[PDB]
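Hydrogens, waters and symmetry mates play no part in the numbers below; they use all other heavy atoms, side chains included. We name chains A, B, ... by the order of the sequence lines, and we start the count at 1 in each one.
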Amino acid sequence: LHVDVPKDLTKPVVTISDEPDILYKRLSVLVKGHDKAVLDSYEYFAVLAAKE
Amino acid sequence: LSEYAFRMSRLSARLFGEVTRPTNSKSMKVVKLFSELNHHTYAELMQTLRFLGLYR
Amino acid sequence: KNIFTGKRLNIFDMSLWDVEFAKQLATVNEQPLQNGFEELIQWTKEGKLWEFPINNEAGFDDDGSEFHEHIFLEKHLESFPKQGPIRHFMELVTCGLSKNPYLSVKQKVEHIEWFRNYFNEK
Amino acid sequence: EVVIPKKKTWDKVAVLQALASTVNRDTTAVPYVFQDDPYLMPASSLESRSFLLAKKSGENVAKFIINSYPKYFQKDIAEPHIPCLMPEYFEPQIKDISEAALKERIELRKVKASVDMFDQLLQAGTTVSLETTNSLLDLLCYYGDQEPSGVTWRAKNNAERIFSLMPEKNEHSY
Amino acid sequence: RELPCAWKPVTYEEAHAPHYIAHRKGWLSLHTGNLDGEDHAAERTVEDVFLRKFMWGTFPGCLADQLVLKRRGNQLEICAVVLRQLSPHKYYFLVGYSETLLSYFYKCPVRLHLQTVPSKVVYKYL
Amino acid sequence: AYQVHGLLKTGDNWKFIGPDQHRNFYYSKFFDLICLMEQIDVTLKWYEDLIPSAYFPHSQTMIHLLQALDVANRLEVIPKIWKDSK
Amino acid sequence: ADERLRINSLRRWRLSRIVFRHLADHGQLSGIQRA
Amino acid sequence: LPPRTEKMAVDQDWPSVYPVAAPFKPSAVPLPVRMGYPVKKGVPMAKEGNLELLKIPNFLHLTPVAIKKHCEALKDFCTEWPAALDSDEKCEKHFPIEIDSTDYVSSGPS
């Protein structure tokens, strides 16, 4: 799209509840696959997303 | 084996739900017993779809 | 001046038909899917796709039961002998049942009732 | 001091909606409903409509075969259960002459079956409740004595006969 | 008349022997069932067997090449390669039919991703 | 025309365009308006942004676009339009 | 069944080997390669 | 009819082409990617009709640009770790109990 763009976008509703949230010390994600390249690409994706 | 350790072992059995009374191991078999617990549908579907005129 | 100011009527101040009326209202915004995210959204609203983050016990509640119903089943042994060898056999039976994660409370209770019956005929 | 922040709850599709709101429409592609394959992308509006109609015709034939023979698709494997993938039953299950049967036919929108059941109930001397006959009247009035797929109102049709036959007429009937 | 008188191209996949399944050839079906700890490998195998039979029976003489059965959660993506001999309207009709029938058979959101080719893509000759 | 398009884009308003016939009618007349009044480059931008993703043009829309090109004396672009029409 | 279990108390692919080989040899069984 | 990659500009918005996980489409991917062991005096097979490129679980729908755009819009859903818990040493101090629970992502109907 170069001129024809959506004017406004309906962002999803995120309500700040009143309850306290769970806290996690650690979150270990073990991904198992038959291919090393697939797991390497997934590692790149997950690590990047965690960084942003 | 001290009497103290025996009474304490059957106490810990009460705490963790293990059988407090030692029933040897032969009668324990039902404890294990109660610890654990289509060519048709394929066949007509292929042939049913066949005479409708969409399969082979 | 805008059309929104002027004279008015001044008259007033401040079943199946409904079902099909609402279904016809739905058609007003019934458009074809515009991309893949929209397809995933429609599918998950329909209940097609899995919920993410995935919950391995999604759609299952074990009849809202609590742990004490699964661990402490000796209150179903009240109608049995309290000190004979059936007390031994049935206490050990319920110990076995209390360690079963695959059954719900209802099946365990029915099983205990079957032993109730079986001993009563015998 | 450990200040536990508050839970943020979002509706079941918030993340998908946010991701979609990130992405704009593709200018150089046909709408998502068609295949991107060059031999399959429609070239003209008439061609696009023809493709869409063929797609829907295939879907409708699939629904026809599924509903015709539920037995081959009654085997559920998925957890959580998905009701929208189960066969839909259109045949009345209650066979005896009773007001429940008439309600069942009315729910299933079987106009002729409902009228026949009402006449059988009258012949049996069973008093039909006001709500049941009102629902039958609603079905007849909406569909005009015709089975679901304009129809012109015919004098002395079934709706008028039902209206005349009621011992008591309330606001809803009129 | 008398017994003394009476007495081939390959695709990429047909060309390769089984022992190249992880060296040069890939895998057609892809699912997590066979992994260590994961369950229902036999069920996925039966699903693939029925699904290949049904695709080959529903698009006769159209499939240039074997299917590719991918799985993401519930999703079942049938990435098939077909030809351009049959009319496009019949492709659309069959795609709709097969998707709906397979979705109601496996109780999961099945999908089709046909790729038409002008003709079978030869790799070599054997 | 721009006001109506902007309103159509506000939030989820696009769902109001209606069936395929109505969408084709709306977009054809919108593009006709653009061709008859916009300076040429904006017409071409809209041409790429609307066709074929939004709707499949009719012959008269292409005639209008060619007339707009004529008025803009940018005859150089015509082969691209003919390839697109084919 | 359950009755039988109670009275007792009172006291990988599911295919034929060849059909496995054809699917395994054609690459139709995921992750099963030849050593 | 001709593939639509000829119409794709060199500075177009890639994430719009493949918003989500989609199979390999040689008519949609504007790349001359070739895959396959060449025959004697041959070349790796072209993308058009290539089954091997279609058998890859591609990451075309997850590019660094797409990933950054997605994570920019998903920031709205995140809370903040309580800054008091700077490290483990205070973490087993204020919140002694640790409950470990596991979840599994498989592929299938159940």
| query | Of the non-hydrogen atoms in H:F24 and E:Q115, which two are nearest, and what is the gap between them? | reply | O-OE1, 4.4 Å
| field | Modelled atom types, side-chain donor and acceptor of H:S107 and E:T32, under 3.5 Å | value | yes
| message | If you compare all heavy atoms of E:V117 against all heavy atoms of H:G49, which two are closest, and at what distance to 0.1 Å? | response | CG1-CA, 3.9 Å
| Side chains of E:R44 and H:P109: does their closest heavy-atom pair fall under 4.5 Å? | yes
| Do you know which of E:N74, E:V121, E:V81 has the most heavy-atom pairs under 4.5 Å to chain H? | E:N74
| message | Does any backbone or side-chain atom of E:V110 lie under 4.5 Å from a heavy atom of chain H? Answer side chain, backbone, both or neither. | response | neither
| message | Rounded at 0.5 Å granularity, tell me how far OH in E:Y123 sits from CG in H:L51. | response | 13.5 Å
| said: For the NZ atom on H:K69, are there more than 12 heavy atoms of other groups (residues, nucleotides or ligands in this structure) within a distance under 6.0 Å? | reply: no
| query | H:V105, H:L54, H:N50: which one forms the most heavy-atom pairs within less than 4.5 Å of chain E? | reply | H:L54
| field | Atom group of E:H40 that falls short of 4.5 Å from chain H, counting heavy atoms | value | neither
| request: Pick one of side chain, backbone, both or neither for E:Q75, based on which atoms fall under 4.5 Å of a heavy atom in chain H. | output: neither
| Does NZ in H:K93 sit with more than 12 non-hydrogen atoms of other residues, nucleotides or ligands closer than 6.0 Å? | no
| When you look at CZ of H:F59, are more than 12 heavy atoms from neighbouring residues, nucleotides or ligands closer to it than 6.0 Å? | yes
| said: For H:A22, which atoms come within 4.5 Å of any heavy atom of chain E: side chain, backbone, both, or neither? | reply: neither
| query | Do E:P118 and H:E48 come within less than 4.5 Å of each other through their side chains, counting heavy atoms only? | reply | no
| message | Heavy-atom cut-off 4.5 Å, strictly under: side chain, backbone, both or neither for E:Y106 against chain H? | response | backbone
| Are there more than 12 heavy atoms of other residues, nucleotides or ligands under 6.0 Å from atom CD of H:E80? | no
| message | Between H:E52 (side chain only) and E:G26 (backbone N and O only), is there a donor and an acceptor less than 3.5 Å apart? | response | yes
| task | Please look at H:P44 and chain E and tell me whether the side chain, the backbone, both or neither of the residue comes under 4.5 angstrom of a heavy atom of that chain. | result | neither
| query | Of the listed residues (E:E43, E:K25, E:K107, E:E13), which shares the most heavy-atom pairs with chain H below a 4.5 Å separation? | reply | E:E13
| request: Would you indicate whether the side-chain heavy atoms of E:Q66 and H:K55 approach each other to under 4.5 Å? | output: no
| request: Quick one: which of H:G36, H:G42, H:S106, H:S27 has the most heavy-atom pairs under 4.5 Å with chain E, could you say? | output: H:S106
| request: Please flag which part of E:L76 lies under 4.5 Å from any non-hydrogen atom of chain H: side chain, backbone, both or neither. | output: neither
